[PDB]
């Protein structure tokens, strides 16, 4: 029925504890469709739910894609893997389009604060990036442009209105960096973006609050994990403190 948003959130937390993320996503989708601005808690429940729904397809897509490449010497096995991948892609695009619709219809146009604006624009960039991961041929370029345009708009807002220690500004830099490295095949810009975001958070560490401490320090390590991974083939100088 048309239930209260607190009732739906309660059901979403029940589904989250049971690791039933379809249910959790359906509850938070209904919360979004009521048209009221999401609280930080509801926003995070929505994001986590669809993170898990789409992630199951992305991990399965990579497994099947790898098998398709490993079986390229046999036509029957390769075609079976290809057709299974195409089924998974259809599920993947339907999920991404579902999230992208909720962003366009409810979340982005109703975002009244820069923090939430950046959150939803980063989400838009992420789910277009997930579409880019499985886009083939000539239709990839348009999807990549959509991802970049949302990331860059979120980056402009974030650079002007958010501290470098804010988890959303850090998470934006992390994923935008991955976009440059893996979608645009631009490792220099990807490393520059990751290194700058980390360094700026370190430089202004005194702006980090307790409520953002665990999230921000986690994402700062994710930034360094990627930099260390990418600045391989020589380099990755160890760090001291004197």
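Numbering follows the first chain given and starts at 1.
Averaged over Cα atoms, the B-factor as recorded in the entry is higher for 68-76 than for the other of 68-76 and 126-134. The mean C-alpha temperature factor is higher for 188-196 when 188-196 and 44-52 are set side by side.
Listed residues 155, 120, 84, 106 were ranked by CA B-factor as deposited; 106 comes out on top. Per-chain ranking of the deposited C-alpha B factor places residue 231 in the highest third. When the modelled residues of the chain are ordered by C-alpha B-factor, residue 13 sits in the highest third. For residue 89, the recorded CA B-factor ranks within the lowest third of the chain. Only modelled residues enter the ranking.
The PDB entry assigns residue 161 a C-alpha temperature factor belonging to the highest third of its chain's modelled residues. Per the PDB record, residue ranking by Cα B-factor puts residue 205 in the highest third of the chain.
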